[PDB]
Structure formats: structure tokens, C-alpha cells
Amino acid sequence: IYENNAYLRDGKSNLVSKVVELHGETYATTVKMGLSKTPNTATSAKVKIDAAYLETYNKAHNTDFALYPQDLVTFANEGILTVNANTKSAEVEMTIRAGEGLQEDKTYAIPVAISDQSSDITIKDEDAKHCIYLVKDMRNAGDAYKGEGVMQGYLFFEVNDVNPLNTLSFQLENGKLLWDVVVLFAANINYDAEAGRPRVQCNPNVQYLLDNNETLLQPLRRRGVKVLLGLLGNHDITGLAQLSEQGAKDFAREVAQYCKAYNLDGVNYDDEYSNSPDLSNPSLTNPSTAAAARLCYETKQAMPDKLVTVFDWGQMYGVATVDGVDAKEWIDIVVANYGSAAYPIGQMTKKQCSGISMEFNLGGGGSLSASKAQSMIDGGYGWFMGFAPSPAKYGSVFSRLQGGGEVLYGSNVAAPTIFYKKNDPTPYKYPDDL
């Protein structure tokens with residue numbers, strides 16, 4: 001009864017690891033110490049930046065984040081945590097100021113530690129002792145940023161056929177880009193017989209985009225769009241919901257390597273098209289939501305600064321804890337089947353969920369109308385999803401985007417004037433050049 005365990009997390013998000021995107025000169029939050037038992041009148045603690053922990057953290061995650069300039073990070077009240085006995089917690093305000101001279105497209109780290117805690121508090125390990133902020137300066141990349149807390153767009157391109165530069169065809173009347181996140185659908189998981197293990201396998205269209213990311217993908221990222229690699233099953237014994245713990249660790253490492261090598265922003269996992277596993281292979285296991293959750297968790301551990309997202313399909317979603325860590329920490333966005341809204345699990349919120357999914361090629365899932373936009377706002381949803389737009393179908397696609405933008409952003413989606421052909425960086429005139 002006397003063991004009062006403490007741990008640290010970001011107070012606004014309740015995450016122990018929080019990615020912060022700076023769109024202005026300051027970002028304000030709290031650091032919160034949570035307690036497992038009611039404190040007494042003498043309970044006390046402070047927080048401090050723990051620069052030495054960054055080496056330990058980078059080693060644990062095989063990352064290379066630089067330390068955010070400590071002069072830009074300030075705590076109220078000398079970092080002393082104000083204890084709230086009634087809520088088993090203690091908090092202090094922290095402000096992150098945007099700085100000059102720090103390198104573009106680079107994630108910096110603020111490791112924060114509990115310090116000088118009273119002896120009635122137990123800190124089990126170095127994980128509980130710390131939380132971490134992963135900071136990216138986005139001040140120049142605001143075209144996709146439509147405001148703090150607005151609903152955001154999540155778009156899949158079938159890159160076998162359609163150039164993802166067509167993201168730029170979708171703007172509000174004020175020029176803001178509609179689609180905050182785009183997915184290159186899809187690289188595959190497949191069995192490598194010579195290696196006896198699953199691997200990422202890219203068809204020539206996916207591979208061409210990755211090889212040419214500087215001309216066909218990075219222009220999107222310059223304007224604030226997050227570009228994710230889609231992963232999908234592909235008709236062999238391997239699958240995203242049937243890797244063993246070891247297989248998931250190995251596959252997560254490969255996914256993170258792809259996102260680093262090609263300067264991408266994360267992954268979408270879609271459990272479809274796999275066949276039954278060979279249960280004799282140590283990299284595989286019985287297909288299950290538990291195996292899918294393991295892969296998501298291990299992927300987040302390998303790229304904590306990047307998005308781990310799932311299509312709620314097959315066995316990809318539903319288990320809410322891995323190794324004692326809640327899904328809030330390792331599912332950033334979940335999108336659901338056409339005609340449904342996604343739902344949160346664990347301690348996730350609806351801000352991590354799609355409120356609509358629109359199949360732009362086949363027609364299902366409804367429209368982002370004014371009424372639907374307001375319904376999703378009322379429900380607290382964070383995302384609207386679209387799948388497989390193409391210039392040849394822009395008439396239908398944009399008809400399904402009428403009205404919603406005024407509700408979500410105060411600016412309706414504009415008629416398209418530009419489109420891109422497959423593998424071609426040239427902006428063509430829509431519709432004249434079709």
C-alpha cells in the first residue's frame with residue numbers, strides 16, 4: 001500500500017512520447033507526473049531536461065535525434081511540480097519556443113526527467129522517470145496546416161496508376177492543401193525464401209516513386225503533407241497480422257529503414273491479401289489481432305517520430321495493449337471501411353479516428369458535405385479518409401467534397417486546375433491536358 005509509483009507524461013496528450021509540430025513561435029503544455037496512490041502532504045518533485053538520457057534513448061530506439069536547444073525550453077516555478085492530492089498527479093507548465101538556425105526536416109528531442117522526488121515516491125525504471133518530446137519545426141511548411149485542432153485529411157493513392165503529386169490538385173479557395181496525410185498504396189510484405197524471413201517487397205511503380213522521391217514526393221512534404229508508405233499483404237505465407245514477436249521486430253526495423261532512406265513520414269498497415277502462415281517458421285504465428293498489435297508497437301519503437309497508422313480491416317486492429325503499453329502510444333491514426341467511422345481502443349480518442357471513408361474510384365462511403373462535416377465535428381472525429389482518386393474521375397471526386405470545407409476550415413475546396421500524369425513531375429492543366 002506504500003508503493004506509490006510515479007511516471008512522467010505530457011499533460012495535454014497523456015503520451016509519454018509526444019511529437020510536437022511547431023507552426024508558430026511557441027508551444028505550451030504541461031508535464032504531468034502520475035501517481036498510483038494518493039500522495040501525502042509532504043510529497044514533492046521537480047522536472048528537468050535530462051540531456052544525458054538522450055544517448056540512452058537513441059540507443060534503445062536506434063535513432064539519432066539531436067537535442068533541442070535547452071535555452072528554448074522553460075518550465076514554470078523552477079520545474080517544481082504542483083501536487084494535486086485529489087487527482088493522484090502533479091503538473092508544471094512547459095513552454096517550447098521556436099528557434100533559429102536549427103536544420104530543416106529534422107526531429108529534435110526534449111528528454112524530461114523527474115528529479116528530487118520525495119522518498120515516498122517510487123520510480124521503477126528509467127522509462128518511468130522520463131517523458132520525451134520529439135520536436136519538428138513546421139513554420140515554413142504551413143500549406144497543409146489548416147489550423148490548430150481542425151479535422152484533417154488522409155488520402156490513399158493507388159500508385160500503380162496515379163501520381164501522388166495529384167495531392168496538389170486539392171486546395172481550398174485560400175490555397176491551403178486539403179490532404180494532411182497521403183499514403184503510397186502500397187508496398188508489400190512477402191516471403192524472402194533465400195533469407196527465410198518476411199521482407200518489404202516493392203513493385204516497380206512503388207520502387208520508382210521511392211527512387212525518385214526528391215521530385216515526386218518531397219514537394220508534398222515541403223508544403224506540410226505527411227507522406228506514408230502503405231504496406232499490404234500479397235498472397236504468400238507472410239502477413240501484417242501473422243508475424244511472431246521476433247518476426248515483427250525484424251519487419252518493423254525494415255519499415256523504419258525504408259522511411260529513413262526515402263525521407264518519409266511513417267506507414268499505413270492494411271491486413272488484406274495474405275494467405276495462411278507456415279506456423280513452422282519462427283517469423284510467423286497464428287493470424288491474430290494480437291500479432292498485428294505487436295507489429296504496430298514494434299514499428300513505433302523503431303520510428304517514434306513517425307506515424308504508425310492502420311486500416312481497420314482484417315485482423316489489423318483491436319488489441320489495445322502490448323507489453324503494458326496502451327495503443328494511444330503506437331496507433332496514431334486509424335481509418336475504417338467505407339460507410340463507417342473508425343473507433344478508438346484503449347486510451348485513444350476519436351481525434352485519432354476517421355469519421356468518413358470515401359472510395360473515390362468505386363463510389364462508396366458518402367460525401368464530405370456540410371452536414372457530414374458538422375456531424376463529424378460534433379462526434380469529435382479527427383480525420384476524413386479518401387481512397388484512390390484519379391484525374392480522370394475528378395468530376396466525381398470533387399463533387400463529393402462540396403460544402404465540407406467551409407464547415408471544417410471556412411474555405412471550400414476549389415475546383416482543380418492542375419493534374420499530374422504517372423511518373424511525370426510536369427503540372428498539366430486540368431482538364432484541358434487530360
# chains A, B, ... in the order shown; residues from 1 in each chain; ligands from 1

$ residues_around --residues "residue A:301" --least-positions-apart "5" --cutoff "9 Å" --atoms "only C-alpha atoms" --output "MDAnalysis selection string"
chainID A and resid 60:61 252 296 330

$ select_by_dssp --residues "stretch 26-259 of chain A" --states "strand (DSSP E or B)" --output "PyMOL selection string"
chain A and resi 26-35+46-49+66-67+73-75+80+82-84+89-97+108-115+121-122+130-137+152-158+171-172+177+181-192+197-201+226-232+243

$ atom_distance --atom1 "atom CA of residue A:23" --atom2 "atom CA of residue A:142"
7.0 Å

$ closest_atom_pairs --of "stretch 252-323 of chain A" --to "stretch 1-18 of chain A" --cutoff "12 Å" --atoms "only C-alpha atoms" --output "Markdown table"
| residue | atom | partner | partner_atom | distance |
| --- | --- | --- | --- | --- |
| A:300 | CA | A:17 | CA | 10.3 |
| A:301 | CA | A:17 | CA | 10.3 |
| A:303 | CA | A:17 | CA | 11.5 |
| A:304 | CA | A:17 | CA | 7.7 |
| A:305 | CA | A:18 | CA | 8.3 |
| A:306 | CA | A:18 | CA | 10.6 |
| A:307 | CA | A:18 | CA | 11.4 |

$ closest_residue --among "A:230, A:239, A:247, A:219" --to "residue A:158" --atoms "only C-alpha atoms"
A:230

$ residues_around --residues "stretch 196-212 of chain A" --least-positions-apart "4" --cutoff "8 Å" --atoms "only C-alpha atoms" --output "PyMOL selection string"
chain A and resi 159-160+184+186-192+216-217+238+247+251+254-255+262+283+423

$ residues_around --residues "stretch 391-402 of chain A" --least-positions-apart "6" --cutoff "10 Å" --atoms "only C-alpha atoms" --output "mmCIF file with N, CA, C and O atoms, in the first residue's frame"
data_model
loop_
_atom_site.group_PDB
_atom_site.id
_atom_site.type_symbol
_atom_site.label_atom_id
_atom_site.label_comp_id
_atom_site.auth_asym_id
_atom_site.auth_seq_id
_atom_site.Cartn_x
_atom_site.Cartn_y
_atom_site.Cartn_z
ATOM 1 N N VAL A 162 -1.543 6.136 -60.373
ATOM 2 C CA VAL A 162 -1.759 7.568 -60.176
ATOM 3 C C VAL A 162 -0.575 8.195 -59.447
ATOM 4 O O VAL A 162 -0.123 7.684 -58.418
ATOM 5 N N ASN A 163 -0.107 9.326 -59.970
ATOM 6 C CA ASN A 163 0.991 10.097 -59.384
ATOM 7 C C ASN A 163 0.532 10.790 -58.105
ATOM 8 O O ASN A 163 -0.462 11.538 -58.135
ATOM 9 N N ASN A 166 -0.623 14.505 -57.465
ATOM 10 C CA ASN A 166 -2.011 14.945 -57.552
ATOM 11 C C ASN A 166 -2.589 15.384 -56.214
ATOM 12 O O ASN A 166 -3.673 15.970 -56.194
ATOM 13 N N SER A 169 -3.545 18.866 -56.492
ATOM 14 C CA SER A 169 -4.776 19.265 -57.168
ATOM 15 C C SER A 169 -5.860 19.699 -56.194
ATOM 16 O O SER A 169 -6.865 20.281 -56.622
ATOM 17 N N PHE A 170 -5.697 19.390 -54.899
ATOM 18 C CA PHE A 170 -6.758 19.554 -53.893
ATOM 19 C C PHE A 170 -6.399 20.698 -52.951
ATOM 20 O O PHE A 170 -5.640 20.518 -51.987
ATOM 21 N N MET A 358 -14.139 7.496 -47.940
ATOM 22 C CA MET A 358 -14.714 7.661 -49.269
ATOM 23 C C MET A 358 -13.876 6.887 -50.279
ATOM 24 O O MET A 358 -12.677 7.143 -50.421
ATOM 25 N N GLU A 359 -14.507 5.950 -50.988
ATOM 26 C CA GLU A 359 -13.850 5.198 -52.057
ATOM 27 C C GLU A 359 -14.097 5.993 -53.334
ATOM 28 O O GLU A 359 -15.200 5.973 -53.891
ATOM 29 N N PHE A 360 -13.079 6.734 -53.767
ATOM 30 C CA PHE A 360 -13.229 7.672 -54.867
ATOM 31 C C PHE A 360 -13.255 6.993 -56.227
ATOM 32 O O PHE A 360 -13.766 7.587 -57.188
ATOM 33 N N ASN A 361 -12.702 5.785 -56.333
ATOM 34 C CA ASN A 361 -12.701 5.067 -57.598
ATOM 35 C C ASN A 361 -13.987 4.270 -57.781
ATOM 36 O O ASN A 361 -14.542 4.239 -58.890
ATOM 37 N N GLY A 363 -16.894 4.425 -55.503
ATOM 38 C CA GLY A 363 -18.049 5.260 -55.236
ATOM 39 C C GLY A 363 -18.619 5.204 -53.832
ATOM 40 O O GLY A 363 -19.396 6.098 -53.470
ATOM 41 N N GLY A 366 -19.994 7.781 -49.135
ATOM 42 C CA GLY A 366 -20.632 9.069 -48.938
ATOM 43 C C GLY A 366 -19.788 10.245 -49.385
ATOM 44 O O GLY A 366 -18.799 10.124 -50.118
ATOM 45 N N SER A 367 -20.203 11.423 -48.921
ATOM 46 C CA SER A 367 -19.578 12.675 -49.326
ATOM 47 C C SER A 367 -19.234 13.535 -48.115
ATOM 48 O O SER A 367 -19.883 13.461 -47.066
ATOM 49 N N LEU A 368 -18.211 14.369 -48.294
ATOM 50 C CA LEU A 368 -17.786 15.335 -47.282
ATOM 51 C C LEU A 368 -18.603 16.617 -47.446
ATOM 52 O O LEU A 368 -18.107 17.685 -47.813
ATOM 53 N N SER A 369 -19.887 16.489 -47.167
ATOM 54 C CA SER A 369 -20.820 17.590 -47.287
ATOM 55 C C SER A 369 -20.748 18.484 -46.050
ATOM 56 O O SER A 369 -20.099 18.162 -45.055
ATOM 57 N N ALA A 370 -21.433 19.626 -46.117
ATOM 58 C CA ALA A 370 -21.517 20.496 -44.949
ATOM 59 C C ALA A 370 -22.121 19.753 -43.764
ATOM 60 O O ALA A 370 -21.609 19.827 -42.641
ATOM 61 N N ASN A 412 -14.129 26.590 -48.854
ATOM 62 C CA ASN A 412 -14.488 25.382 -49.576
ATOM 63 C C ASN A 412 -13.336 24.909 -50.459
ATOM 64 O O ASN A 412 -12.436 25.676 -50.828
ATOM 65 N N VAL A 413 -13.376 23.614 -50.791
ATOM 66 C CA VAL A 413 -12.441 23.049 -51.753
ATOM 67 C C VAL A 413 -12.658 23.716 -53.099
ATOM 68 O O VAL A 413 -13.797 23.874 -53.557
ATOM 69 N N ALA A 414 -11.565 24.102 -53.743
ATOM 70 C CA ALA A 414 -11.621 24.763 -55.036
ATOM 71 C C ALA A 414 -11.652 23.735 -56.159
ATOM 72 O O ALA A 414 -11.153 22.617 -56.024
ATOM 73 N N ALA A 415 -12.235 24.137 -57.283
ATOM 74 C CA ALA A 415 -12.179 23.304 -58.468
ATOM 75 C C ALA A 415 -10.721 23.093 -58.869
ATOM 76 O O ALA A 415 -9.914 24.028 -58.800
ATOM 77 N N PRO A 416 -10.347 21.892 -59.298
ATOM 78 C CA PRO A 416 -8.941 21.647 -59.662
ATOM 79 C C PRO A 416 -8.577 22.336 -60.968
ATOM 80 O O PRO A 416 -9.381 22.401 -61.902
ATOM 81 N N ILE A 418 -4.998 21.794 -61.958
ATOM 82 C CA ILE A 418 -3.738 21.129 -62.247
ATOM 83 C C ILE A 418 -3.941 19.639 -62.009
ATOM 84 O O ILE A 418 -4.685 19.237 -61.109
ATOM 85 N N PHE A 419 -3.270 18.818 -62.817
ATOM 86 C CA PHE A 419 -3.134 17.397 -62.521
ATOM 87 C C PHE A 419 -1.773 16.921 -63.004
ATOM 88 O O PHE A 419 -1.086 17.605 -63.761
ATOM 89 N N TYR A 420 -1.402 15.718 -62.557
ATOM 90 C CA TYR A 420 -0.122 15.105 -62.895
ATOM 91 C C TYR A 420 -0.343 13.725 -63.496
ATOM 92 O O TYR A 420 -1.225 12.979 -63.053
ATOM 93 N N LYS A 421 0.470 13.406 -64.502
ATOM 94 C CA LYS A 421 0.487 12.085 -65.113
ATOM 95 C C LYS A 421 1.476 11.186 -64.380
ATOM 96 O O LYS A 421 2.399 11.653 -63.707
ATOM 97 N N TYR A 430 -5.682 21.047 -65.778
ATOM 98 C CA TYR A 430 -6.934 20.309 -65.692
ATOM 99 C C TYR A 430 -8.078 21.216 -66.118
ATOM 100 O O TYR A 430 -8.206 22.322 -65.581
ATOM 101 N N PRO A 431 -8.964 20.793 -67.042
ATOM 102 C CA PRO A 431 -8.999 19.486 -67.701
ATOM 103 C C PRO A 431 -8.363 19.434 -69.091
ATOM 104 O O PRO A 431 -8.293 18.357 -69.674
ATOM 105 N N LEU A 434 -5.942 16.594 -70.231
ATOM 106 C CA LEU A 434 -6.265 15.195 -69.994
ATOM 107 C C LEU A 434 -6.132 14.364 -71.269
ATOM 108 O O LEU A 434 -6.345 14.858 -72.376
#

$ closest_residue --among "A:357, A:299, A:95, A:257" --to "residue A:311" --atoms "only C-alpha atoms"
A:357

$ closest_residue --among "A:45, A:379, A:273, A:220" --to "residue A:235" --atoms "only C-alpha atoms"
A:273

$ residues_around --residues "residue A:30" --least-positions-apart "3" --cutoff "6 Å" --atoms "only C-alpha atoms" --output "list in words"
residues 11, 92, 93 and 94 of chain A

$ residues_around --residues "residue A:337" --least-positions-apart "6" --cutoff "12 Å" --atoms "only C-alpha atoms" --output "short mmCIF file (atom, residue, chain, number, x, y, z; two decimals) with C-alpha atoms, in the first residue's frame"
data_model
loop_
_atom_site.label_atom_id
_atom_site.label_comp_id
_atom_site.auth_asym_id
_atom_site.auth_seq_id
_atom_site.Cartn_x
_atom_site.Cartn_y
_atom_site.Cartn_z
CA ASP A 270 -3.60 -2.88 -44.17
CA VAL A 310 -3.78 1.28 -39.65
CA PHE A 311 -6.69 0.40 -41.85
CA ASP A 312 -9.27 -1.27 -39.59
CA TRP A 313 -9.58 -4.33 -41.81
CA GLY A 314 -8.77 -7.99 -41.45
CA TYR A 343 -13.48 3.89 -33.24
CA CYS A 353 -10.15 8.21 -35.93
CA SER A 354 -11.73 8.78 -39.31
CA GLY A 355 -15.35 9.89 -39.31
CA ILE A 356 -15.85 9.05 -43.00
CA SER A 357 -14.08 6.90 -45.60
CA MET A 358 -14.71 7.66 -49.27
CA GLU A 359 -13.85 5.20 -52.06
CA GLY A 364 -18.92 4.06 -51.73
CA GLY A 365 -18.71 5.84 -48.40
CA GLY A 366 -20.63 9.07 -48.94
CA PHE A 384 -11.69 12.13 -43.07
CA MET A 385 -10.32 9.43 -45.36
CA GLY A 386 -10.33 9.05 -49.12
CA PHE A 387 -9.11 6.20 -51.29
#

$ closest_residue --among "A:333, A:72, A:177, A:259" --to "residue A:225" --atoms "only C-alpha atoms"
A:177

$ select_by_dssp --residues "stretch 71-229 of chain A" --states "alpha helix (DSSP H)" --output "list in words"
residues 126, 127, 128, 129, 204, 205, 206, 207, 208, 209, 210, 211, 213, 214, 215, 216, 218, 219, 220, 221 and 222 of chain A

$ residues_around --residues "residue A:88" --least-positions-apart "6" --cutoff "10 Å" --atoms "only C-alpha atoms" --output "ChimeraX atom specification"
/A:4,6,33-39

$ atom_distance --atom1 "atom CA of residue A:91" --atom2 "atom CA of residue A:308"
28.4 Å
